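J.: So I've got this file, upload.pdb, and it contains PDB, C-alpha atoms (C1' of nucleotides):
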```
ATOM      1  CA  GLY R  11     120.122  -8.541 218.319  1.00  0.00           C
ATOM      2  CA  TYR R  12     122.480  -5.573 218.635  1.00  0.00           C
ATOM      3  CA  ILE R  13     124.214  -5.743 215.223  1.00  0.00           C
ATOM      4  CA  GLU R  14     121.825  -3.251 213.548  1.00  0.00           C
ATOM      5  CA  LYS R  15     122.517  -1.961 210.011  1.00  0.00           C
ATOM      6  CA  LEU R  16     120.975   1.194 208.530  1.00  0.00           C
ATOM      7  CA  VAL R  17     119.538   0.639 205.038  1.00  0.00           C
ATOM      8  CA  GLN R  18     118.277   3.967 203.676  1.00  0.00           C
ATOM      9  CA  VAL R  19     117.031   7.412 204.624  1.00  0.00           C
ATOM     10  CA  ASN R  20     114.601   9.125 202.233  1.00  0.00           C
ATOM     11  CA  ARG R  21     113.150  12.607 202.575  1.00  0.00           C
ATOM     12  CA  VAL R  22     109.360  12.311 202.488  1.00  0.00           C
ATOM     13  CA  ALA R  23     107.055  15.268 201.886  1.00  0.00           C
ATOM     14  CA  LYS R  24     103.305  15.871 202.209  1.00  0.00           C
ATOM     15  CA  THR R  25     101.279  19.025 201.742  1.00  0.00           C
ATOM     16  CA  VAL R  26      99.006  21.080 204.022  1.00  0.00           C
ATOM     17  CA  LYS R  27      97.080  24.163 202.794  1.00  0.00           C
ATOM     18  CA  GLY R  28      99.598  26.224 204.755  1.00  0.00           C
ATOM     19  CA  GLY R  29     102.495  24.645 202.894  1.00  0.00           C
ATOM     20  CA  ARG R  30     104.728  21.600 202.583  1.00  0.00           C
ATOM     21  CA  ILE R  31     105.613  19.774 205.798  1.00  0.00           C
ATOM     22  CA  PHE R  32     108.540  17.364 205.520  1.00  0.00           C
ATOM     23  CA  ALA R  33     108.999  14.028 207.290  1.00  0.00           C
ATOM     24  CA  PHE R  34     111.721  11.386 207.411  1.00  0.00           C
ATOM     25  CA  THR R  35     111.248   7.659 207.059  1.00  0.00           C
ATOM     26  CA  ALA R  36     114.316   5.474 207.500  1.00  0.00           C
ATOM     27  CA  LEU R  37     114.464   1.689 207.321  1.00  0.00           C
ATOM     28  CA  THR R  38     116.974  -0.272 209.381  1.00  0.00           C
ATOM     29  CA  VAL R  39     117.487  -3.971 209.950  1.00  0.00           C
ATOM     30  CA  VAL R  40     118.469  -5.728 213.187  1.00  0.00           C
ATOM     31  CA  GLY R  41     120.267  -9.053 213.396  1.00  0.00           C
ATOM     32  CA  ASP R  42     121.964 -11.034 216.155  1.00  0.00           C
ATOM     33  CA  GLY R  43     125.096 -12.185 214.338  1.00  0.00           C
ATOM     34  CA  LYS R  44     123.623 -15.702 214.163  1.00  0.00           C
ATOM     35  CA  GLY R  45     120.495 -15.177 212.071  1.00  0.00           C
ATOM     36  CA  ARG R  46     117.462 -13.446 213.604  1.00  0.00           C
ATOM     37  CA  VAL R  47     116.706 -10.615 211.178  1.00  0.00           C
ATOM     38  CA  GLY R  48     114.135  -7.833 211.636  1.00  0.00           C
ATOM     39  CA  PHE R  49     112.572  -4.996 209.618  1.00  0.00           C
ATOM     40  CA  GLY R  50     110.939  -1.632 210.102  1.00  0.00           C
ATOM     41  CA  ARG R  51     110.938   2.133 209.607  1.00  0.00           C
ATOM     42  CA  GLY R  52     109.455   5.074 211.475  1.00  0.00           C
ATOM     43  CA  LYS R  53     107.479   8.186 210.616  1.00  0.00           C
ATOM     44  CA  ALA R  54     108.681  11.220 212.545  1.00  0.00           C
ATOM     45  CA  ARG R  55     109.984  14.701 211.876  1.00  0.00           C
ATOM     46  CA  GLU R  56     113.696  14.183 212.454  1.00  0.00           C
ATOM     47  CA  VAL R  57     116.699  12.072 211.437  1.00  0.00           C
ATOM     48  CA  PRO R  58     117.948  10.663 214.816  1.00  0.00           C
ATOM     49  CA  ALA R  59     114.493   9.479 215.914  1.00  0.00           C
ATOM     50  CA  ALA R  60     113.338   7.947 212.613  1.00  0.00           C
ATOM     51  CA  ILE R  61     116.175   5.412 212.805  1.00  0.00           C
ATOM     52  CA  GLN R  62     115.152   4.431 216.344  1.00  0.00           C
ATOM     53  CA  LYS R  63     111.512   4.606 215.362  1.00  0.00           C
ATOM     54  CA  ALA R  64     112.792   2.035 212.908  1.00  0.00           C
ATOM     55  CA  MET R  65     114.137   0.101 215.935  1.00  0.00           C
ATOM     56  CA  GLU R  66     110.576   0.332 217.281  1.00  0.00           C
ATOM     57  CA  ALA R  67     109.688  -2.504 214.894  1.00  0.00           C
ATOM     58  CA  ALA R  68     113.175  -3.773 213.959  1.00  0.00           C
ATOM     59  CA  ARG R  69     113.585  -5.761 217.176  1.00  0.00           C
ATOM     60  CA  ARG R  70     110.059  -6.975 216.471  1.00  0.00           C
ATOM     61  CA  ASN R  71     109.321  -9.681 213.864  1.00  0.00           C
ATOM     62  CA  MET R  72     112.727 -11.318 214.402  1.00  0.00           C
ATOM     63  CA  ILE R  73     112.779 -14.860 212.993  1.00  0.00           C
ATOM     64  CA  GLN R  74     115.661 -17.350 213.289  1.00  0.00           C
ATOM     65  CA  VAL R  75     117.066 -17.807 209.785  1.00  0.00           C
ATOM     66  CA  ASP R  76     117.958 -21.497 209.394  1.00  0.00           C
ATOM     67  CA  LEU R  77     121.673 -21.226 208.622  1.00  0.00           C
ATOM     68  CA  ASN R  78     124.259 -23.918 207.865  1.00  0.00           C
ATOM     69  CA  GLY R  79     127.255 -22.142 209.395  1.00  0.00           C
ATOM     70  CA  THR R  80     128.988 -19.326 207.449  1.00  0.00           C
ATOM     71  CA  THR R  81     127.428 -20.593 204.165  1.00  0.00           C
ATOM     72  CA  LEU R  82     123.921 -20.266 202.695  1.00  0.00           C
ATOM     73  CA  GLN R  83     121.613 -23.239 202.108  1.00  0.00           C
ATOM     74  CA  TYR R  84     120.794 -23.145 198.392  1.00  0.00           C
ATOM     75  CA  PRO R  85     120.750 -21.203 195.158  1.00  0.00           C
ATOM     76  CA  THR R  86     117.819 -18.868 195.753  1.00  0.00           C
ATOM     77  CA  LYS R  87     114.862 -17.809 193.610  1.00  0.00           C
ATOM     78  CA  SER R  88     112.668 -15.194 195.260  1.00  0.00           C
ATOM     79  CA  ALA R  89     110.453 -12.167 194.655  1.00  0.00           C
ATOM     80  CA  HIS R  90     108.176  -9.557 196.228  1.00  0.00           C
ATOM     81  CA  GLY R  91     106.094  -7.192 194.089  1.00  0.00           C
ATOM     82  CA  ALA R  92     108.363  -6.075 191.255  1.00  0.00           C
ATOM     83  CA  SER R  93     111.696  -6.914 192.903  1.00  0.00           C
ATOM     84  CA  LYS R  94     113.277 -10.309 192.246  1.00  0.00           C
ATOM     85  CA  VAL R  95     116.335 -11.639 194.084  1.00  0.00           C
ATOM     86  CA  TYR R  96     118.921 -14.235 193.096  1.00  0.00           C
ATOM     87  CA  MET R  97     121.441 -15.725 195.559  1.00  0.00           C
ATOM     88  CA  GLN R  98     123.782 -18.717 195.704  1.00  0.00           C
ATOM     89  CA  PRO R  99     126.416 -19.848 198.239  1.00  0.00           C
ATOM     90  CA  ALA R 100     130.134 -19.224 197.778  1.00  0.00           C
ATOM     91  CA  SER R 101     133.029 -21.369 198.944  1.00  0.00           C
ATOM     92  CA  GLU R 102     135.524 -19.960 201.438  1.00  0.00           C
ATOM     93  CA  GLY R 103     137.433 -16.770 200.958  1.00  0.00           C
ATOM     94  CA  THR R 104     135.345 -14.025 199.418  1.00  0.00           C
ATOM     95  CA  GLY R 105     133.644 -11.481 201.654  1.00  0.00           C
ATOM     96  CA  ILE R 106     130.673  -9.181 201.027  1.00  0.00           C
ATOM     97  CA  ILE R 107     129.739  -9.361 197.328  1.00  0.00           C
ATOM     98  CA  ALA R 108     126.102  -8.280 197.534  1.00  0.00           C
ATOM     99  CA  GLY R 109     124.854  -4.762 196.881  1.00  0.00           C
ATOM    100  CA  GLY R 110     123.133  -1.816 198.547  1.00  0.00           C
ATOM    101  CA  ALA R 111     120.326  -3.140 200.722  1.00  0.00           C
ATOM    102  CA  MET R 112     121.446  -6.749 200.109  1.00  0.00           C
ATOM    103  CA  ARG R 113     124.655  -6.328 202.100  1.00  0.00           C
ATOM    104  CA  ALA R 114     122.731  -5.120 205.160  1.00  0.00           C
ATOM    105  CA  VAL R 115     120.380  -8.084 205.607  1.00  0.00           C
ATOM    106  CA  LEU R 116     122.863 -10.792 204.557  1.00  0.00           C
ATOM    107  CA  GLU R 117     125.639  -9.653 206.892  1.00  0.00           C
ATOM    108  CA  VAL R 118     123.594  -9.772 210.105  1.00  0.00           C
ATOM    109  CA  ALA R 119     122.695 -13.434 209.464  1.00  0.00           C
ATOM    110  CA  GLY R 120     126.102 -15.008 210.155  1.00  0.00           C
ATOM    111  CA  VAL R 121     126.825 -15.814 206.504  1.00  0.00           C
ATOM    112  CA  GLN R 122     129.545 -13.671 204.921  1.00  0.00           C
ATOM    113  CA  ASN R 123     130.095 -15.006 201.364  1.00  0.00           C
ATOM    114  CA  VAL R 124     126.679 -13.973 200.184  1.00  0.00           C
ATOM    115  CA  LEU R 125     126.608 -13.193 196.411  1.00  0.00           C
ATOM    116  CA  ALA R 126     123.101 -11.670 196.294  1.00  0.00           C
ATOM    117  CA  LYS R 127     121.444  -9.713 193.481  1.00  0.00           C
ATOM    118  CA  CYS R 128     118.497  -7.489 192.571  1.00  0.00           C
ATOM    119  CA  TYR R 129     116.229  -7.933 189.554  1.00  0.00           C
ATOM    120  CA  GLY R 130     113.126  -6.094 188.449  1.00  0.00           C
ATOM    121  CA  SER R 131     112.647  -3.063 190.701  1.00  0.00           C
ATOM    122  CA  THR R 132     115.579  -1.776 192.765  1.00  0.00           C
ATOM    123  CA  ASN R 133     113.384  -0.001 195.363  1.00  0.00           C
ATOM    124  CA  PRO R 134     114.890  -0.736 198.831  1.00  0.00           C
ATOM    125  CA  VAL R 135     111.362  -0.481 200.286  1.00  0.00           C
ATOM    126  CA  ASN R 136     110.458  -3.700 198.410  1.00  0.00           C
ATOM    127  CA  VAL R 137     114.032  -5.058 198.122  1.00  0.00           C
ATOM    128  CA  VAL R 138     114.367  -6.142 201.761  1.00  0.00           C
ATOM    129  CA  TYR R 139     111.084  -8.038 201.468  1.00  0.00           C
ATOM    130  CA  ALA R 140     112.283 -10.460 198.780  1.00  0.00           C
ATOM    131  CA  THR R 141     115.514 -11.091 200.710  1.00  0.00           C
ATOM    132  CA  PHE R 142     113.719 -12.444 203.781  1.00  0.00           C
ATOM    133  CA  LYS R 143     111.361 -14.539 201.669  1.00  0.00           C
ATOM    134  CA  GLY R 144     114.656 -15.812 200.300  1.00  0.00           C
ATOM    135  CA  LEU R 145     115.597 -16.726 203.858  1.00  0.00           C
ATOM    136  CA  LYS R 146     112.180 -17.791 205.178  1.00  0.00           C
ATOM    137  CA  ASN R 147     112.184 -21.216 203.519  1.00  0.00           C
ATOM    138  CA  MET R 148     115.669 -22.445 204.431  1.00  0.00           C
ATOM    139  CA  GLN R 149     116.007 -26.050 205.547  1.00  0.00           C
ATOM    140  CA  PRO R 150     118.807 -28.660 205.381  1.00  0.00           C
ATOM    141  CA  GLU R 151     116.748 -31.306 207.179  1.00  0.00           C
ATOM    142  CA  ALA R 152     113.297 -29.817 207.948  1.00  0.00           C
ATOM    143  CA  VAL R 153     111.714 -31.338 204.844  1.00  0.00           C
ATOM    144  CA  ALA R 154     109.180 -34.006 205.776  1.00  0.00           C
ATOM    145  CA  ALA R 155     110.975 -36.638 203.676  1.00  0.00           C
ATOM    146  CA  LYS R 156     111.581 -39.880 205.592  1.00  0.00           C
ATOM    147  CA  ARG R 157     115.253 -39.814 204.635  1.00  0.00           C
ATOM    148  CA  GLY R 158     118.368 -37.924 205.698  1.00  0.00           C
ATOM    149  CA  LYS R 159     119.292 -37.256 202.067  1.00  0.00           C
TER
ATOM    150  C1'   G L   1     131.929 -17.186 190.441  1.00  0.00           C
ATOM    151  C1'   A L   2     127.967 -11.830 189.331  1.00  0.00           C
ATOM    152  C1'   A L   3     128.110  -4.951 194.430  1.00  0.00           C
ATOM    153  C1'   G L   4     125.390  -0.079 191.891  1.00  0.00           C
ATOM    154  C1'   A L   5     124.444   5.097 192.274  1.00  0.00           C
ATOM    155  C1'   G L   6     122.363   9.844 190.632  1.00  0.00           C
ATOM    156  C1'   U L   7     117.994  11.695 187.776  1.00  0.00           C
ATOM    157  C1'   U L   8     110.304  12.224 186.045  1.00  0.00           C
ATOM    158  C1'   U L   9     107.030  13.621 191.563  1.00  0.00           C
ATOM    159  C1'   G L  10     104.320  18.019 196.543  1.00  0.00           C
ATOM    160  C1'   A L  11     105.691  13.088 198.065  1.00  0.00           C
ATOM    161  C1'   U L  12     104.917   7.516 196.577  1.00  0.00           C
ATOM    162  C1'   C L  13     104.963   3.201 193.541  1.00  0.00           C
ATOM    163  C1'   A L  14     105.548   0.884 188.925  1.00  0.00           C
ATOM    164  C1'   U L  15     106.922   0.816 183.798  1.00  0.00           C
ATOM    165  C1'   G L  16     110.867   2.855 181.437  1.00  0.00           C
ATOM    166  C1'   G L  17     115.059   5.621 178.996  1.00  0.00           C
ATOM    167  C1'   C L  18     119.331   8.960 180.077  1.00  0.00           C
ATOM    168  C1'   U L  19     124.032  10.207 182.692  1.00  0.00           C
ATOM    169  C1'   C L  20     128.006   7.880 186.212  1.00  0.00           C
ATOM    170  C1'   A L  21     131.983   4.480 188.922  1.00  0.00           C
ATOM    171  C1'   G L  22     135.341   0.450 186.093  1.00  0.00           C
ATOM    172  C1'   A L  23     138.654  -2.046 182.802  1.00  0.00           C
ATOM    173  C1'   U L  24     140.745  -1.480 178.347  1.00  0.00           C
ATOM    174  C1'   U L  25     144.214   0.922 172.470  1.00  0.00           C
ATOM    175  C1'   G L  26     148.198   0.138 167.252  1.00  0.00           C
ATOM    176  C1'   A L  27     146.578   5.358 170.309  1.00  0.00           C
ATOM    177  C1'   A L  28     146.154  10.858 169.864  1.00  0.00           C
ATOM    178  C1'   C L  29     145.815  15.663 172.073  1.00  0.00           C
ATOM    179  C1'   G L  30     147.292  19.205 176.864  1.00  0.00           C
ATOM    180  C1'   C L  31     151.072  19.049 180.321  1.00  0.00           C
ATOM    181  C1'   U L  32     156.358  17.608 182.411  1.00  0.00           C
ATOM    182  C1'   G L  33     160.340  14.116 182.145  1.00  0.00           C
ATOM    183  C1'   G L  34     165.880  10.579 185.162  1.00  0.00           C
ATOM    184  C1'   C L  35     166.951   5.288 183.712  1.00  0.00           C
ATOM    185  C1'   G L  36     167.119   0.018 182.455  1.00  0.00           C
ATOM    186  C1'   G L  37     165.213  -4.627 180.136  1.00  0.00           C
ATOM    187  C1'   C L  38     161.724  -6.891 176.707  1.00  0.00           C
ATOM    188  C1'   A L  39     158.240  -4.845 173.257  1.00  0.00           C
ATOM    189  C1'   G L  40     155.490  -2.129 169.712  1.00  0.00           C
ATOM    190  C1'   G L  41     155.296   2.129 166.193  1.00  0.00           C
ATOM    191  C1'   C L  42     150.528   4.732 158.463  1.00  0.00           C
ATOM    192  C1'   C L  43     144.687   2.862 162.087  1.00  0.00           C
ATOM    193  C1'   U L  44     144.159   7.789 156.856  1.00  0.00           C
ATOM    194  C1'   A L  45     145.774   7.789 150.186  1.00  0.00           C
ATOM    195  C1'   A L  46     145.877  -0.396 147.306  1.00  0.00           C
ATOM    196  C1'   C L  47     148.024   8.018 146.806  1.00  0.00           C
ATOM    197  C1'   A L  48     152.237   9.762 143.557  1.00  0.00           C
ATOM    198  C1'   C L  49     157.076   8.532 143.970  1.00  0.00           C
ATOM    199  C1'   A L  50     163.900  11.534 143.245  1.00  0.00           C
ATOM    200  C1'   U L  51     167.784   8.774 145.247  1.00  0.00           C
ATOM    201  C1'   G L  52     170.928   4.171 146.953  1.00  0.00           C
ATOM    202  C1'   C L  53     170.072  -0.832 148.226  1.00  0.00           C
ATOM    203  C1'   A L  54     166.169  -5.611 148.551  1.00  0.00           C
ATOM    204  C1'   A L  55     168.934 -12.626 144.585  1.00  0.00           C
ATOM    205  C1'   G L  56     173.716 -13.401 142.076  1.00  0.00           C
ATOM    206  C1'   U L  57     175.653 -17.884 141.983  1.00  0.00           C
ATOM    207  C1'   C L  58     179.234 -20.998 139.598  1.00  0.00           C
ATOM    208  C1'   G L  59     185.780 -21.639 135.764  1.00  0.00           C
ATOM    209  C1'   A L  60     186.195 -28.475 139.252  1.00  0.00           C
ATOM    210  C1'   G L  61     179.848 -27.950 133.202  1.00  0.00           C
ATOM    211  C1'   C L  62     181.943 -25.877 127.819  1.00  0.00           C
ATOM    212  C1'   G L  63     184.355 -22.576 123.826  1.00  0.00           C
ATOM    213  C1'   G L  64     186.795 -17.978 123.950  1.00  0.00           C
ATOM    214  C1'   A L  65     189.305 -13.157 126.391  1.00  0.00           C
ATOM    215  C1'   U L  66     194.516 -11.718 130.030  1.00  0.00           C
ATOM    216  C1'   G L  67     199.492 -13.203 131.086  1.00  0.00           C
ATOM    217  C1'   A L  68     201.198 -14.093 138.032  1.00  0.00           C
ATOM    218  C1'   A L  69     205.837 -16.237 138.436  1.00  0.00           C
ATOM    219  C1'   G L  70     209.898 -19.431 137.518  1.00  0.00           C
ATOM    220  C1'   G L  71     213.695 -21.792 134.469  1.00  0.00           C
ATOM    221  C1'   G L  72     216.602 -20.115 129.646  1.00  0.00           C
ATOM    222  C1'   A L  73     218.132 -18.083 124.648  1.00  0.00           C
ATOM    223  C1'   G L  74     220.002 -12.954 122.341  1.00  0.00           C
ATOM    224  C1'   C L  75     220.919  -7.889 122.974  1.00  0.00           C
ATOM    225  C1'   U L  76     223.229  -7.008 128.288  1.00  0.00           C
ATOM    226  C1'   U L  77     219.669  -6.773 132.535  1.00  0.00           C
ATOM    227  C1'   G L  78     216.053  -1.515 130.163  1.00  0.00           C
ATOM    228  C1'   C L  79     213.154  -5.076 126.538  1.00  0.00           C
ATOM    229  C1'   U L  80     210.363  -8.549 123.981  1.00  0.00           C
ATOM    230  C1'   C L  81     210.375 -13.925 120.788  1.00  0.00           C
TER
END
```
Can the structure from this file be put into C-alpha cells for me?

T.:
Amino acid sequence: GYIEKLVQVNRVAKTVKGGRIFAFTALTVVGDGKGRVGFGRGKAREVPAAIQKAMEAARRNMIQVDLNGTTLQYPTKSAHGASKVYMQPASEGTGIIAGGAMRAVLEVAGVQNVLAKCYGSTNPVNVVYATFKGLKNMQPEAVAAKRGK
RNA sequence: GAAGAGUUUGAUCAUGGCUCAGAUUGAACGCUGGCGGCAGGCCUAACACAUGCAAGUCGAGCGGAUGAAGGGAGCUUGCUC
C-alpha cells in the first residue's frame, strides 16, 4: 500500500552520564485503499528518517481487513491494555467522524463512514492496537455455520 | 447517529484531576452603528409609592328632578299662565 498516514511524533529522551541525548519515535500506518493495514515506528535521531523507519515495519505485517464495501461489518467491542474502542457502521453520507489516531487507520481500509471512539487510555501507542483487533475478526460469511444467514 | 487537544516525567506507561475548542441567555459590560419585518425587554426590593387612567351599564324595570319644540290665549312679539 501507498496510502500511508502519519499518526504521531513524540520527542523521546534518555540520559547518558555526559548528558541527555534525544531521539524521535514516530508511528505511521500504511494501507492500500482496500484494506491491508500495517503498523510500526522507528528509533533514530531525526524526524525525516523516523517516519520512514516507521515504514520499515509499516509495509510489514499487512493483513487484508475483511471489508463489506464502503461500510463496516458490525458494531465493534474491542480493547488492548487500557484502551477500549467502540465502532459501528453508518449509512451513506457522513465522512470521517472518528478521532485522532482512529481516523488514520480507518481511512486506509476503504471504509469512510467510520464512527470510531476511544475509551480507557487515549495513548496512541496502545490506541492503534485495539483498532486492528477491532478489524482482525471481521467476517460476513467466514463463520463455520452451515447456513448463509 | 457519538472527532479531542494541551498539561505530572530525564523519558515511558497507567491511574487520575485541571485548563481548552463548541453551542447556548430574559442578558450585562467595553467598543461602533445604516435599515426593514416579526419578536422580546425588573432576572434584584412580594421595596415604598405623588400623579392621571385600569368596569360602568341601563330611562323600553320603577317613583321623582328639567322643560326641546309646536299649536294658541292676553299684553303686543320682549315675557310668562

J.: Can you list, as a compact mmCIF listing (two decimals) with C-alpha atoms, in the coordinates of the input, the residues that the PyMOL selection byres ((chain R) within 9 of (chain L)) selects here?

T.:
```txt
# COMPACT_ATOMS: atom_id res chain seq x y z
CA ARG R 21 113.15 12.61 202.58
CA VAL R 22 109.36 12.31 202.49
CA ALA R 23 107.06 15.27 201.89
CA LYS R 24 103.30 15.87 202.21
CA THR R 25 101.28 19.02 201.74
CA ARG R 30 104.73 21.60 202.58
CA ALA R 92 108.36 -6.08 191.26
CA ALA R 100 130.13 -19.22 197.78
CA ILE R 106 130.67 -9.18 201.03
CA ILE R 107 129.74 -9.36 197.33
CA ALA R 108 126.10 -8.28 197.53
CA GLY R 109 124.85 -4.76 196.88
CA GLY R 110 123.13 -1.82 198.55
CA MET R 112 121.45 -6.75 200.11
CA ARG R 113 124.66 -6.33 202.10
CA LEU R 125 126.61 -13.19 196.41
CA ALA R 126 123.10 -11.67 196.29
CA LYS R 127 121.44 -9.71 193.48
CA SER R 131 112.65 -3.06 190.70
```

J.: Just say which residues the PyMOL selection byres ((chain R and resi 136) around 12) picks in this file, as a VMD selection string.

T.: (chain R and resid 37 49 to 50 89 to 95 111 to 112 128 to 135 137 to 143) or (chain L and resid 13 to 14)

J.: How far is it from atom CA of residue R:59 to atom CA of residue R:46, in Å with one decimal?

T.: 23.2 Å

J.: Quick one: apply the PyMOL selection byres ((chain R and resi 12) around 8) to the file and drop the selected residues here as a list in words.

T.: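 So the PyMOL selection byres ((chain R and resi 12) around 8), applied here, picks out residues 11, 13, 14, 40, 41 and 42 of chain R.
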
J.: Distance atom CA of residue R:15-atom CA of residue R:101, one decimal place?

T.: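 Going from atom CA of residue R:15 over to atom CA of residue R:101, I get 24.7 Å.
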
J.: Which residues, written as a ChimeraX atom specification, have at least one atom at most 8 Å from residue R:84, with all atoms listed in the file counted and residues fewer than 6 positions away on the same chain left out?

T.: /R:97-99,148
